[PDB]
Every structure is written in structure tokens, then in C-alpha cells.
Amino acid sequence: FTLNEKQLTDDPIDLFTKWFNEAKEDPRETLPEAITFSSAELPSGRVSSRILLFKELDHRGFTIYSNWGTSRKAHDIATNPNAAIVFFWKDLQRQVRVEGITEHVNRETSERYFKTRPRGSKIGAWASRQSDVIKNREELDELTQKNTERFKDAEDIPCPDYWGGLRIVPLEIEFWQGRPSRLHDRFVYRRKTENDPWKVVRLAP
């Protein structure tokens, strides 16, 4: 629960997995994949944020699955391929900050993981046009019902074009470890480019 130069890895991704695995191992942390996905609309510079679940890392960055077509976050990203996510483990007094450029995950993978999702979920994807305005619950259910009936005669439910994965290619990753002393341990890895060697530094809390 302390963080020092000695513990730092070469690839920040190592220290992430270590910390993440510890969070999953810890029974105090009941939802370690929960994160805050922040985005912003580039022309105006308006910031929006919401809670999502981190899915997994891949060859290039951090991946998260949701509706990246019609939702608010989709419209921000569409105008500005930049995003930030925070992992906050209250009890472990740890917080990880990832900040990088966004990329749409492979259409195959997007579909692959969409299949694993429960049937009720697969259908919900279709029925709900995330972030769109509606009249009420009724309108919502009417849609669920219609779709549940629409795909009733069908083994595997198809994946919507607007649903899938998106990945954040890190340009900055910060490992923050709090101490009741208020003098928390702060370390941040950075590279101006996805092709620049990572650089670690200690930040004042």
C-alpha cells in the first residue's frame, strides 16, 4: 500500500495488471472494473462523463464495450478521439488514471464478445437507442417487447452496428496511492506519442 520507484515496472501495463489483479483478489473491492469514462466535444470543449466497466487490455490499449454510435459519448468521441478513464479503489486507497487517444475495436471482436452477453442483454442492445430521448418506461418496454418478439424466432441475436468495443491508447497513465498523511505517492508514465518511449516521474500530491 505504498508505492516507490523500486516497484515501478518498465511497461506501465505491468503495474496496472498487478494492481488490478490485487483489486479483484480483494473482497473489499466488489467492482474493480468500474471506471469513469470521460470525454469531451472538441469544438465546444464541453465535458461529459459516465460510469462504465473496463473489459480488458489488448495489444494496444484499454478496452471498454458500449454503444459508440448514437450515445452522447459516441458523439464526443466522433468529434474528438481523446478520452480518459479512472479506476478508483476506495478501500485500497488507489486510483489509476489512463489518458490517451481512442480507437474503435475490431468489428470481429466487437461481435465475438457481443455473443457471450446474455440473451436478454443482446436484445436490450437493439431495443434501446442509448441516450436517445423517450416518452416513458412504456415506450421503452414496447420496444423491448417488440424486439423480444422480433428476435423470438432466432438462436443467436445479431450485433447492432452502434454497439461494440472502443480502446484507449494510453499517452498518460498515473498510479496514485493515498496515505492518511495526505502525502500520497504519485507516479505518472507518459509518451507524447504512441511511438515514444514511456517516461516515469513523481508528481506532488
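A residue's number is simply how far along the shown sequence it sits, counting from 1.
Comparing 76 to 84 with 131 to 139, the stretch with the higher mean C-alpha B-factor in the PDB entry is 131 to 139. As listed in the deposited structure, the average C-alpha B-factor of 152 to 160 and of 54 to 62 is greater for 152 to 160.
Of the candidates 90, 112, 97, 104, the one whose C-alpha carries the top B factor in the deposited record is 112. Comparing the C-alpha B-factors of 144, 177, 38, 30 in the entry, the top value falls on 144. Ranked against the other modelled residues of its chain, the C-alpha B-factor of residue 182 as given in the entry falls in the highest third. Residue 6: CA B factor lies in the highest third for its chain, per the PDB record. In the deposited entry, the Cα temperature factor of residue 188 places it in the highest third of its chain's modelled residues.
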